[PDB]
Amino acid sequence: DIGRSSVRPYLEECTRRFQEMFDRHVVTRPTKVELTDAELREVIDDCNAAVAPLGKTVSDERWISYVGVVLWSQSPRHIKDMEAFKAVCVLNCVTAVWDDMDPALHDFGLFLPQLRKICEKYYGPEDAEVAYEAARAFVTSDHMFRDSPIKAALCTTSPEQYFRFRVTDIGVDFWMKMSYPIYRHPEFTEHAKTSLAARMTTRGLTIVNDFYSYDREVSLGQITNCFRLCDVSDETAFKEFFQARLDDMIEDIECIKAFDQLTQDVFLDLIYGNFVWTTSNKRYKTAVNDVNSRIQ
């Protein structure tokens, strides 16, 4: 019940502890990519050009709120392909719309060609297929698991089962497989394609997202959130659960430091940058305001 329906009492302390953790384990700050107004407008118009078959209009402010994760969580010091950057901007945004849509509106025949059109505009032939398959797999997974028994089992059993589901469902495998062309770094490209890149970063992305999206998701009956494993109405059990998740994040980050310099740079900018964006998006500042729910 409502005594369990929000993580608001822990908002300030957990935000502080998240930042404390990154300052002591990552150290290097994330950094915005600033697109021009023309580049931002190109991205947005391509976004509108992808969801228009599905019928709905999406405001500039909604697009800008979706695209911030790409602006904050890539690795600017290592970028070599700004066309691949813009592709990740568009692909991220249009599949976030899909993630927010009611499944009865998931028209694959109309939407999948639009995803391919994006990948072919921005990527070479081989990259286009890799980016497109991951986009296809991501939107199919989100459709697949709406009120699936599989999701219920994997989210309610253990943190191990839940994070295993999230390697795909949170979109990080997709992210890696559309982002390696930005960097054109051979080791990073191989970790992206084995999905080791996604598995190394899944928990740090997921735990942060789950904390700040918890209120919205429970109000909408969405079960894919690790803090639904613990009783968030008891401070003691919550704090103990939360420390376990910080420990998870720390172990991952320290193992990431065994990767080569450029690769760990990208991995860590992703995790820390997602945190910075997540704490500045109004999507995650009520259960249900007008920038995150709508309609069903």
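We number the residues from 1 along the sequence you see.
Averaged over their C-alpha atoms, the temperature factors of 269 to 277 and 283 to 291 are higher for 283 to 291.
Higher mean CA temperature factor between 51 to 59 and 24 to 32: 51 to 59, per the PDB entry. For the set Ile207, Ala153, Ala134, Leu110, the PDB entry assigns the largest Cα B-factor to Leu110.
Set against one another, the Cα B-factors of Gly171, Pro186, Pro159, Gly221 in the record reach their highest point at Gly221. The deposited CA B-factor of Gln243 belongs to the middle third of values across its chain. Looking at the C-alpha B-factors along this chain, the one for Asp215 belongs to the highest third.
Looking at the C-alpha B-factors along this chain, the one for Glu120 belongs to the middle third. Remark: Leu105 belongs to the highest third of its chain, ranked by C-alpha B-factor as recorded.
In the PDB entry, a CA B factor belonging to the middle third of its chain's modelled residues is recorded for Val69.
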